[PDB]
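The data block below is input_34.pdb; it holds PDB, C-alpha atoms.
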```
MODEL        1
ATOM      1  CA  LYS A   4      95.414 119.843 -44.627  1.00  0.00           C
ATOM      2  CA  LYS A   5      93.452 121.089 -41.594  1.00  0.00           C
ATOM      3  CA  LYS A   6      93.318 119.976 -37.987  1.00  0.00           C
ATOM      4  CA  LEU A   7      90.674 120.319 -35.280  1.00  0.00           C
ATOM      5  CA  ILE A   8      90.828 120.588 -31.477  1.00  0.00           C
ATOM      6  CA  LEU A   9      87.914 120.470 -29.041  1.00  0.00           C
ATOM      7  CA  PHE A  10      87.813 121.458 -25.378  1.00  0.00           C
ATOM      8  CA  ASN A  11      85.159 120.905 -22.734  1.00  0.00           C
ATOM      9  CA  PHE A  12      84.217 124.203 -21.049  1.00  0.00           C
ATOM     10  CA  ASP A  13      83.952 123.865 -17.255  1.00  0.00           C
ATOM     11  CA  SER A  14      87.287 123.372 -15.431  1.00  0.00           C
ATOM     12  CA  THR A  15      89.194 123.180 -18.711  1.00  0.00           C
ATOM     13  CA  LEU A  16      88.806 126.417 -20.678  1.00  0.00           C
ATOM     14  CA  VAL A  17      87.522 128.212 -17.566  1.00  0.00           C
ATOM     15  CA  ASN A  18      88.421 127.634 -13.906  1.00  0.00           C
ATOM     16  CA  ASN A  19      84.939 127.013 -12.560  1.00  0.00           C
ATOM     17  CA  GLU A  20      81.914 124.746 -12.840  1.00  0.00           C
ATOM     18  CA  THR A  21      79.221 127.039 -14.282  1.00  0.00           C
ATOM     19  CA  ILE A  22      76.380 124.988 -12.825  1.00  0.00           C
ATOM     20  CA  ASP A  23      77.975 125.194  -9.366  1.00  0.00           C
ATOM     21  CA  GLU A  24      78.476 128.962  -9.578  1.00  0.00           C
ATOM     22  CA  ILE A  25      74.848 129.494 -10.534  1.00  0.00           C
ATOM     23  CA  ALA A  26      73.684 127.096  -7.800  1.00  0.00           C
ATOM     24  CA  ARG A  27      75.627 129.204  -5.309  1.00  0.00           C
ATOM     25  CA  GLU A  28      73.358 132.130  -6.240  1.00  0.00           C
ATOM     26  CA  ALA A  29      70.323 129.921  -5.584  1.00  0.00           C
ATOM     27  CA  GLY A  30      71.620 128.863  -2.173  1.00  0.00           C
ATOM     28  CA  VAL A  31      71.830 125.239  -3.302  1.00  0.00           C
ATOM     29  CA  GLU A  32      75.548 124.897  -4.034  1.00  0.00           C
ATOM     30  CA  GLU A  33      76.189 122.012  -1.604  1.00  0.00           C
ATOM     31  CA  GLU A  34      73.733 119.614  -3.226  1.00  0.00           C
ATOM     32  CA  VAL A  35      74.663 120.725  -6.760  1.00  0.00           C
ATOM     33  CA  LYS A  36      78.442 120.522  -6.306  1.00  0.00           C
ATOM     34  CA  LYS A  37      78.042 117.049  -4.809  1.00  0.00           C
ATOM     35  CA  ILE A  38      76.007 115.986  -7.868  1.00  0.00           C
ATOM     36  CA  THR A  39      78.411 117.673 -10.304  1.00  0.00           C
ATOM     37  CA  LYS A  40      81.323 115.776  -8.768  1.00  0.00           C
ATOM     38  CA  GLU A  41      79.466 112.462  -9.092  1.00  0.00           C
ATOM     39  CA  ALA A  42      78.415 113.249 -12.653  1.00  0.00           C
ATOM     40  CA  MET A  43      81.942 114.085 -13.777  1.00  0.00           C
ATOM     41  CA  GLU A  44      83.314 110.981 -12.003  1.00  0.00           C
ATOM     42  CA  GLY A  45      80.893 108.975 -14.110  1.00  0.00           C
ATOM     43  CA  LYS A  46      78.813 107.794 -11.165  1.00  0.00           C
ATOM     44  CA  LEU A  47      75.577 109.286 -12.552  1.00  0.00           C
ATOM     45  CA  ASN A  48      73.860 109.444 -15.930  1.00  0.00           C
ATOM     46  CA  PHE A  49      74.772 112.869 -17.334  1.00  0.00           C
ATOM     47  CA  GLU A  50      71.370 114.008 -18.558  1.00  0.00           C
ATOM     48  CA  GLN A  51      69.558 112.938 -15.404  1.00  0.00           C
ATOM     49  CA  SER A  52      72.226 114.606 -13.248  1.00  0.00           C
ATOM     50  CA  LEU A  53      72.016 117.848 -15.231  1.00  0.00           C
ATOM     51  CA  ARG A  54      68.206 118.037 -15.176  1.00  0.00           C
ATOM     52  CA  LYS A  55      68.296 117.283 -11.462  1.00  0.00           C
ATOM     53  CA  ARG A  56      70.816 120.063 -10.807  1.00  0.00           C
ATOM     54  CA  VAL A  57      68.985 122.576 -13.007  1.00  0.00           C
ATOM     55  CA  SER A  58      65.651 121.808 -11.353  1.00  0.00           C
ATOM     56  CA  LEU A  59      67.151 123.190  -8.137  1.00  0.00           C
ATOM     57  CA  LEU A  60      67.607 126.532  -9.929  1.00  0.00           C
ATOM     58  CA  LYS A  61      63.884 127.033 -10.588  1.00  0.00           C
ATOM     59  CA  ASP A  62      62.814 130.682 -10.211  1.00  0.00           C
ATOM     60  CA  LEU A  63      66.369 132.055 -10.117  1.00  0.00           C
ATOM     61  CA  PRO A  64      66.381 135.637 -11.497  1.00  0.00           C
ATOM     62  CA  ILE A  65      68.476 136.235 -14.615  1.00  0.00           C
ATOM     63  CA  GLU A  66      70.260 138.990 -12.684  1.00  0.00           C
ATOM     64  CA  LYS A  67      71.420 136.269 -10.258  1.00  0.00           C
ATOM     65  CA  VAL A  68      72.550 134.017 -13.110  1.00  0.00           C
ATOM     66  CA  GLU A  69      74.593 136.916 -14.531  1.00  0.00           C
ATOM     67  CA  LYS A  70      76.399 137.637 -11.252  1.00  0.00           C
ATOM     68  CA  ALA A  71      77.568 134.004 -11.265  1.00  0.00           C
ATOM     69  CA  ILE A  72      78.572 134.196 -14.913  1.00  0.00           C
ATOM     70  CA  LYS A  73      80.577 137.370 -14.288  1.00  0.00           C
ATOM     71  CA  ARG A  74      82.646 135.358 -11.793  1.00  0.00           C
ATOM     72  CA  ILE A  75      83.741 132.888 -14.495  1.00  0.00           C
ATOM     73  CA  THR A  76      87.475 133.271 -15.172  1.00  0.00           C
ATOM     74  CA  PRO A  77      89.673 131.747 -17.939  1.00  0.00           C
ATOM     75  CA  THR A  78      92.062 128.925 -17.063  1.00  0.00           C
ATOM     76  CA  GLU A  79      95.720 129.975 -17.001  1.00  0.00           C
ATOM     77  CA  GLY A  80      97.271 129.806 -20.468  1.00  0.00           C
ATOM     78  CA  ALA A  81      93.883 129.779 -22.178  1.00  0.00           C
ATOM     79  CA  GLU A  82      94.361 132.749 -24.510  1.00  0.00           C
ATOM     80  CA  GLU A  83      97.963 131.830 -25.385  1.00  0.00           C
ATOM     81  CA  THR A  84      97.044 128.214 -26.149  1.00  0.00           C
ATOM     82  CA  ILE A  85      94.170 129.202 -28.436  1.00  0.00           C
ATOM     83  CA  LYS A  86      96.388 131.725 -30.244  1.00  0.00           C
ATOM     84  CA  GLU A  87      99.133 129.176 -30.903  1.00  0.00           C
ATOM     85  CA  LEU A  88      96.596 126.544 -31.987  1.00  0.00           C
ATOM     86  CA  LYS A  89      95.145 128.847 -34.648  1.00  0.00           C
ATOM     87  CA  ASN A  90      98.760 129.575 -35.559  1.00  0.00           C
ATOM     88  CA  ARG A  91      99.365 125.872 -36.198  1.00  0.00           C
ATOM     89  CA  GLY A  92      96.320 125.672 -38.470  1.00  0.00           C
ATOM     90  CA  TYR A  93      93.713 124.353 -36.051  1.00  0.00           C
ATOM     91  CA  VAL A  94      89.964 124.907 -36.044  1.00  0.00           C
ATOM     92  CA  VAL A  95      89.174 125.444 -32.352  1.00  0.00           C
ATOM     93  CA  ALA A  96      85.901 124.417 -30.731  1.00  0.00           C
ATOM     94  CA  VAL A  97      84.318 124.228 -27.309  1.00  0.00           C
ATOM     95  CA  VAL A  98      81.730 121.507 -26.623  1.00  0.00           C
ATOM     96  CA  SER A  99      80.053 121.662 -23.229  1.00  0.00           C
ATOM     97  CA  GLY A 100      77.371 120.000 -21.175  1.00  0.00           C
ATOM     98  CA  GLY A 101      77.174 123.521 -19.794  1.00  0.00           C
ATOM     99  CA  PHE A 102      75.020 126.470 -20.862  1.00  0.00           C
ATOM    100  CA  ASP A 103      75.108 128.668 -23.984  1.00  0.00           C
ATOM    101  CA  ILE A 104      74.643 131.835 -21.922  1.00  0.00           C
ATOM    102  CA  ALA A 105      78.046 131.238 -20.296  1.00  0.00           C
ATOM    103  CA  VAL A 106      79.827 129.361 -23.094  1.00  0.00           C
ATOM    104  CA  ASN A 107      79.013 131.852 -25.855  1.00  0.00           C
ATOM    105  CA  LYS A 108      80.810 134.553 -23.856  1.00  0.00           C
ATOM    106  CA  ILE A 109      84.120 132.696 -23.908  1.00  0.00           C
ATOM    107  CA  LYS A 110      83.530 131.803 -27.547  1.00  0.00           C
ATOM    108  CA  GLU A 111      83.195 135.533 -28.280  1.00  0.00           C
ATOM    109  CA  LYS A 112      86.125 136.500 -26.047  1.00  0.00           C
ATOM    110  CA  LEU A 113      88.643 133.861 -27.172  1.00  0.00           C
ATOM    111  CA  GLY A 114      87.458 133.869 -30.782  1.00  0.00           C
ATOM    112  CA  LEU A 115      86.576 130.173 -30.984  1.00  0.00           C
ATOM    113  CA  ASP A 116      85.412 128.712 -34.307  1.00  0.00           C
ATOM    114  CA  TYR A 117      82.641 126.568 -32.837  1.00  0.00           C
ATOM    115  CA  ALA A 118      80.688 126.427 -29.590  1.00  0.00           C
ATOM    116  CA  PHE A 119      78.137 123.789 -28.613  1.00  0.00           C
ATOM    117  CA  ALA A 120      76.291 123.681 -25.303  1.00  0.00           C
ATOM    118  CA  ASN A 121      72.889 123.165 -23.712  1.00  0.00           C
ATOM    119  CA  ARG A 122      70.342 125.869 -22.854  1.00  0.00           C
ATOM    120  CA  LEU A 123      68.826 127.062 -19.576  1.00  0.00           C
ATOM    121  CA  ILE A 124      65.131 127.660 -20.114  1.00  0.00           C
ATOM    122  CA  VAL A 125      64.098 131.141 -19.026  1.00  0.00           C
ATOM    123  CA  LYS A 126      60.728 132.894 -18.781  1.00  0.00           C
ATOM    124  CA  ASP A 127      59.731 136.221 -17.276  1.00  0.00           C
ATOM    125  CA  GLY A 128      63.363 136.902 -16.468  1.00  0.00           C
ATOM    126  CA  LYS A 129      63.736 133.801 -14.309  1.00  0.00           C
ATOM    127  CA  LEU A 130      64.994 130.251 -14.851  1.00  0.00           C
ATOM    128  CA  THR A 131      62.141 127.770 -15.249  1.00  0.00           C
ATOM    129  CA  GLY A 132      64.216 124.961 -13.771  1.00  0.00           C
ATOM    130  CA  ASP A 133      64.452 123.184 -17.088  1.00  0.00           C
ATOM    131  CA  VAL A 134      67.299 122.568 -19.533  1.00  0.00           C
ATOM    132  CA  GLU A 135      67.323 121.394 -23.148  1.00  0.00           C
ATOM    133  CA  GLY A 136      70.017 120.898 -25.765  1.00  0.00           C
ATOM    134  CA  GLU A 137      72.122 118.481 -27.782  1.00  0.00           C
ATOM    135  CA  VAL A 138      74.949 117.965 -25.270  1.00  0.00           C
ATOM    136  CA  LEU A 139      72.951 115.717 -22.949  1.00  0.00           C
ATOM    137  CA  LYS A 140      73.148 112.148 -24.257  1.00  0.00           C
ATOM    138  CA  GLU A 141      76.141 109.942 -23.404  1.00  0.00           C
ATOM    139  CA  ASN A 142      77.215 109.973 -27.072  1.00  0.00           C
ATOM    140  CA  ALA A 143      76.562 113.711 -27.498  1.00  0.00           C
ATOM    141  CA  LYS A 144      80.065 115.181 -27.669  1.00  0.00           C
ATOM    142  CA  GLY A 145      81.291 112.438 -29.985  1.00  0.00           C
ATOM    143  CA  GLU A 146      78.576 113.105 -32.545  1.00  0.00           C
ATOM    144  CA  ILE A 147      79.384 116.804 -32.324  1.00  0.00           C
ATOM    145  CA  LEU A 148      83.119 116.213 -32.865  1.00  0.00           C
ATOM    146  CA  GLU A 149      82.315 114.143 -35.957  1.00  0.00           C
ATOM    147  CA  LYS A 150      79.842 116.720 -37.210  1.00  0.00           C
ATOM    148  CA  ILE A 151      82.341 119.565 -36.922  1.00  0.00           C
ATOM    149  CA  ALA A 152      85.035 117.458 -38.587  1.00  0.00           C
ATOM    150  CA  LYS A 153      82.685 116.539 -41.450  1.00  0.00           C
ATOM    151  CA  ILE A 154      81.780 120.187 -42.027  1.00  0.00           C
ATOM    152  CA  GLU A 155      85.469 121.128 -42.113  1.00  0.00           C
ATOM    153  CA  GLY A 156      86.503 118.129 -44.195  1.00  0.00           C
ATOM    154  CA  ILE A 157      88.937 117.142 -41.455  1.00  0.00           C
ATOM    155  CA  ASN A 158      90.090 113.561 -40.857  1.00  0.00           C
ATOM    156  CA  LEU A 159      89.415 112.234 -37.344  1.00  0.00           C
ATOM    157  CA  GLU A 160      93.074 111.214 -37.094  1.00  0.00           C
ATOM    158  CA  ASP A 161      93.786 114.956 -37.221  1.00  0.00           C
ATOM    159  CA  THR A 162      91.413 115.754 -34.339  1.00  0.00           C
ATOM    160  CA  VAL A 163      92.419 116.444 -30.743  1.00  0.00           C
ATOM    161  CA  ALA A 164      90.063 116.207 -27.776  1.00  0.00           C
ATOM    162  CA  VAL A 165      90.805 117.858 -24.438  1.00  0.00           C
ATOM    163  CA  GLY A 166      88.457 116.960 -21.603  1.00  0.00           C
ATOM    164  CA  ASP A 167      88.198 116.431 -17.872  1.00  0.00           C
ATOM    165  CA  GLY A 168      85.027 114.523 -17.061  1.00  0.00           C
ATOM    166  CA  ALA A 169      82.875 111.487 -17.694  1.00  0.00           C
ATOM    167  CA  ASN A 170      80.822 113.272 -20.359  1.00  0.00           C
ATOM    168  CA  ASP A 171      84.002 113.799 -22.395  1.00  0.00           C
ATOM    169  CA  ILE A 172      84.257 110.042 -22.921  1.00  0.00           C
ATOM    170  CA  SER A 173      82.321 109.982 -26.213  1.00  0.00           C
ATOM    171  CA  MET A 174      84.541 112.813 -27.449  1.00  0.00           C
ATOM    172  CA  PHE A 175      87.696 110.777 -26.699  1.00  0.00           C
ATOM    173  CA  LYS A 176      86.165 107.786 -28.456  1.00  0.00           C
ATOM    174  CA  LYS A 177      86.306 109.569 -31.829  1.00  0.00           C
ATOM    175  CA  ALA A 178      89.319 111.834 -31.286  1.00  0.00           C
ATOM    176  CA  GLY A 179      92.743 111.163 -32.770  1.00  0.00           C
ATOM    177  CA  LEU A 180      94.608 112.375 -29.689  1.00  0.00           C
ATOM    178  CA  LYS A 181      92.931 112.104 -26.291  1.00  0.00           C
ATOM    179  CA  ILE A 182      94.220 114.509 -23.641  1.00  0.00           C
ATOM    180  CA  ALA A 183      92.824 114.444 -20.085  1.00  0.00           C
ATOM    181  CA  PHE A 184      93.375 117.852 -18.502  1.00  0.00           C
ATOM    182  CA  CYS A 185      93.341 117.730 -14.686  1.00  0.00           C
ATOM    183  CA  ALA A 186      90.617 115.142 -15.114  1.00  0.00           C
ATOM    184  CA  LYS A 187      88.651 112.534 -13.183  1.00  0.00           C
ATOM    185  CA  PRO A 188      89.962 108.936 -12.972  1.00  0.00           C
ATOM    186  CA  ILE A 189      87.256 107.661 -15.329  1.00  0.00           C
ATOM    187  CA  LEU A 190      88.521 109.847 -18.175  1.00  0.00           C
ATOM    188  CA  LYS A 191      92.218 109.578 -17.322  1.00  0.00           C
ATOM    189  CA  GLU A 192      91.872 105.817 -17.783  1.00  0.00           C
ATOM    190  CA  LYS A 193      90.822 106.490 -21.401  1.00  0.00           C
ATOM    191  CA  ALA A 194      93.407 109.168 -22.272  1.00  0.00           C
ATOM    192  CA  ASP A 195      96.489 108.948 -24.458  1.00  0.00           C
ATOM    193  CA  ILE A 196      97.939 111.754 -22.356  1.00  0.00           C
ATOM    194  CA  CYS A 197      97.205 112.993 -18.829  1.00  0.00           C
ATOM    195  CA  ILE A 198      98.084 116.542 -17.782  1.00  0.00           C
ATOM    196  CA  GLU A 199      98.032 117.292 -14.050  1.00  0.00           C
ATOM    197  CA  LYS A 200      99.277 120.895 -14.036  1.00  0.00           C
ATOM    198  CA  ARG A 201      96.550 123.526 -14.452  1.00  0.00           C
ATOM    199  CA  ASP A 202      97.995 125.365 -17.450  1.00  0.00           C
ATOM    200  CA  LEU A 203      96.459 124.809 -20.883  1.00  0.00           C
ATOM    201  CA  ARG A 204      99.802 125.605 -22.525  1.00  0.00           C
ATOM    202  CA  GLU A 205     100.979 122.250 -21.142  1.00  0.00           C
ATOM    203  CA  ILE A 206      99.099 120.614 -24.034  1.00  0.00           C
ATOM    204  CA  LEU A 207     100.953 122.443 -26.812  1.00  0.00           C
ATOM    205  CA  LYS A 208     104.095 120.306 -26.644  1.00  0.00           C
ATOM    206  CA  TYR A 209     101.907 117.378 -27.711  1.00  0.00           C
ATOM    207  CA  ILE A 210     100.012 119.339 -30.370  1.00  0.00           C
ATOM    208  CA  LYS A 211     100.543 119.198 -34.134  1.00  0.00           C
TER     209      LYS A 211
ENDMDL
END
```
Show the structure stored in the file as structure tokens.
Amino acid sequence: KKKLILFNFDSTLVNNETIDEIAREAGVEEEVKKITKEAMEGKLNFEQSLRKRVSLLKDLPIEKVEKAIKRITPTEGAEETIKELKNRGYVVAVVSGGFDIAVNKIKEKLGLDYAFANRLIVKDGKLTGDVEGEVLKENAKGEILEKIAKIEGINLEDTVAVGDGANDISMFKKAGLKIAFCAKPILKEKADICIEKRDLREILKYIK
């Protein structure tokens, strides 16, 4: 046996867009949110859009980054959904184009089995304005889904992907069940199931 379910981080497991929250601390939230929206709608190349948004955070003090991170709250039904999923024999993972500093926290908190995300480069207690990681390429999340499944010896037909943006496309491509959670048109068009109510528990009826 064994099943696997992956979630994107921003706006799915948590209620906010990490990059937008941090940008708010840098006084550049209007340009960043506009770019985030375009990126998730699939109107921009993900990597380029992320490097462009992170560049605007150059020199931001880590204390500032932390204030933004502290504002990150879990999406309604998050804890309950994860608990029931583990109950049904699922390996639970979070794969995000976001940042480890924020994602690892929810991994710790919710007790997730796997967490993959990019990294904000920091030096002298301040962001350098650069980002690196393996969740940048268009095919990134899909390779990660496959890699986690291979490690676990889980068949792709037994994998579930829950996303909300353009960069979740490659994840859907390899997932057995594709669920778009309060997502952008570009991803909804590719989903087996579209959920419009902001409650992660809404996915459970379709799970297992």
Residues proximal to (77.8, 128.7, -6.2) were defined as those with any atom within 12 Å of that point in the file's coordinates, counting all atoms listed in the file. Which are they, as a list in words?
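It turns out the residues near that spot are residues 19, 20, 21, 22, 23, 24, 25, 26, 27, 28, 29, 30, 31, 32, 33, 34, 35, 36, 37, 39, 60, 67, 68, 70, 71, 72, 74 and 75 of chain A.
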Kindly assemble as a Markdown table a list of the range 66-178 of chain A residues that lie within 8 Å of range 54-58 of chain A, each paired with its nearest atom pair and their distance in Å to one decimal, using only C-alpha atoms, sorted first by chain and then by ascending residue number.
```
| residue | atom | partner | partner_atom | distance |
| --- | --- | --- | --- | --- |
| A:123 | CA | A:57 | CA | 8.0 |
| A:131 | CA | A:58 | CA | 7.9 |
| A:132 | CA | A:58 | CA | 4.2 |
| A:133 | CA | A:58 | CA | 6.0 |
| A:134 | CA | A:54 | CA | 6.4 |
```
Hey, which of A:102, A:10, A:119, A:93 ends up closest to residue 183 in chain A? Count all atoms listed in the file.
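Ranking A:102, A:10, A:119, A:93 by distance to residue 183 in chain A, first place goes to A:10.
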Which residue gives the smallest distance to residue 11 in chain A among A:171, A:116, A:146, A:69, with all atoms listed in the file counted?
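Distance minimum relative to residue 11 in chain A lands on A:171.
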List the neighbours of residue 170 in chain A out to 10 Å using all atoms listed in the file; skip same-chain residues closer than 2 positions along the sequence, and give me the result as a PyMOL selection string.
chain A and resi 11+42-45+48-50+99-100+138-145+166-168+172-175+189-190
Near residue 165 in chain A, within 10 Å and counting only C-alpha atoms, which residues show up once chain neighbours fewer than 6 positions away are dropped, as a VMD selection string?
chain A and resid 8 to 12 15 to 16 97 171 174 to 175 178 180 to 184 186 194 196 to 198 203 206
